[PDB]
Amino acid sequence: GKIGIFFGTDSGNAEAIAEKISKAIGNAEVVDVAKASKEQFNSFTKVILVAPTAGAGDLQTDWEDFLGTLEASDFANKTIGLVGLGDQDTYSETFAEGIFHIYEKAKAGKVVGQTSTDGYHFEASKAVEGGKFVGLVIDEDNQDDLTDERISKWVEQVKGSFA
């Protein structure tokens, strides 16, 4: 209905994460940023942004392209939850930093859903602002076994913020 859950993906795991979140929270629409516009973004007041990290801290390409047509005023009057995917073992110094590029614009808004850096093993990530990850962080390469627990707790954490 009215929560817009925007994903971008090369592997498909971000779409499957978006759908899991959508089933959990309810009243959402799941939309591929590859097929979406500034117009579409602004047809929601509340959003969850699901973006995997590509290479050493870049944003997945579709997300990069889409974010490029949005400016910070497109976020300021919205509630925003971010969901990053990353691989803490391979990219310990740039872990799930994909979402940070989204955060550089989205932090104008009401960003909700920050999570504890606890339970992840890594040295650095710009995804971390003021002691917390800016969003939910999933690592399907190394902690695929924690992904459902994580989504469940995160939805309980933000569900009230989404209305």
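Residues carry their position along the shown sequence, with the first being 1.
J.: Determine, for stretches 13-21 and 138-146, which one has the higher mean CA B-factor as deposited.
T.: Result of the comparison: 138-146.
J.: Output the stretch having the higher mean C-alpha B factor in the entry; the candidates are 116-124 and 57-65.
T.: The stretch with the larger mean CA B-factor is 116-124.
J.: Compared with the other modelled residues in the chain, in which third is the CA B-factor of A96?
T.: Its C-alpha B-factor, which the entry lists for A96, ranks in the middle third among residues of this chain.
J.: Quick check on the deposited entry: does the C-alpha B-factor of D32 sit in the lowest, middle or highest third of its chain?
T.: CA B-factor rank for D32: lowest third.
J.: Using the B-factors in the PDB entry, rank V47's C-alpha atom against the chain and give the third, lowest, middle or highest.
T.: Tercile = lowest for this residue's CA B-factor.
J.: Looking at the temperature factor on the CA atom of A108, which third of the chain's modelled residues does it land in?
T.: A108: CA B-factor falls in the middle third of its chain.
J.: What third of the chain, by the recorded C-alpha B-factor, contains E71?
T.: Highest third - that is where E71 ends up once the chain's C-alpha B-factors are sorted.
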